[PDB]
Amino acid sequence: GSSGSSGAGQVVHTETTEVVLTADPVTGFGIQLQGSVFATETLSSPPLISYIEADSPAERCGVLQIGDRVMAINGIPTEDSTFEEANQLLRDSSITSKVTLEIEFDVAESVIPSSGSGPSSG
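Residue numbers (the authors' numbering): 1 to 122.
Below, the structure written as structure tokens:
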């Protein structure tokens, strides 16, 4: 579990962002997820953005990285059903011509960088 003198070890926080993709007149959302076909209940893993079509709205934003961490889809708790379910969500989303993807990222915290070459004050 822990690798090294444990104790006073604070961690960073994580936020969530809503991705608004407009089902293009050709490449609706053009989003791909990674999982499986068969399972027991869930997918034994979160649905990560397998691939993102080009010239698509999912890419246009560029906020959707390959292998993202979708915590939900339009509120849907990505933690059950079959890979198809999630896949269906998108398709359906096409109806309203808008799909919501709950992503999760890290946020910079109060901490000084390392003295070297790269990051410059601004």
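Using N, Cα and C, we set each Cβ at its ideal position, and we do this for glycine too.
Helix, strand or coil for residue i? Go by DSSP, reduced to three states.
{"i": "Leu90", "result": "helix"}
{"i": "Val111", "result": "coil"}
{"i": "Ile103", "result": "strand"}
To the nearest angstrom, how far is the alpha carbon of residue i from that of residue j?
{"i": "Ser114", "j": "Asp68", "result": "27 Å"}
{"i": "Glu109", "j": "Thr14", "result": "10 Å"}
{"i": "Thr22", "j": "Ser121", "result": "37 Å"}
{"i": "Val111", "j": "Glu41", "result": "41 Å"}
{"i": "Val70", "j": "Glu59", "result": "15 Å"}
{"i": "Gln88", "j": "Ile52", "result": "16 Å"}
{"i": "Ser81", "j": "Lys98", "result": "22 Å"}
{"i": "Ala39", "j": "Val12", "result": "33 Å"}
{"i": "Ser5", "j": "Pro119", "result": "30 Å"}
Which residue wins for smallest C-alpha separation from residue i, given the options the options?
{"i": "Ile103", "options": "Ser93, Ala72, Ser2 and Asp24", "result": "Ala72"}
{"i": "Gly75", "options": "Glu18, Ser5 and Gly9", "result": "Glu18"}
{"i": "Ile31", "options": "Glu79, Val63 and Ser117", "result": "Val63"}
{"i": "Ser94", "options": "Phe29, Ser6 and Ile66", "result": "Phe29"}
{"i": "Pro25", "options": "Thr96, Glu85, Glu79 and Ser117", "result": "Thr96"}
{"i": "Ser36", "options": "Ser117, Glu85 and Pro77", "result": "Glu85"}
Would you check if the distance between the CB atom of residue i and the CB atom of residue j is smaller than 8 Å?
{"i": "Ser56", "j": "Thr27", "result": "yes"}
{"i": "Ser50", "j": "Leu33", "result": "yes"}
{"i": "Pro47", "j": "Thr78", "result": "yes"}
Can you list, in chain order, the stretches of the beta strand (DSSP E) that have 3 or more residues and sit fully within the segment 11-89?
-> 14-21, 31-34, 48-52 and 70-73
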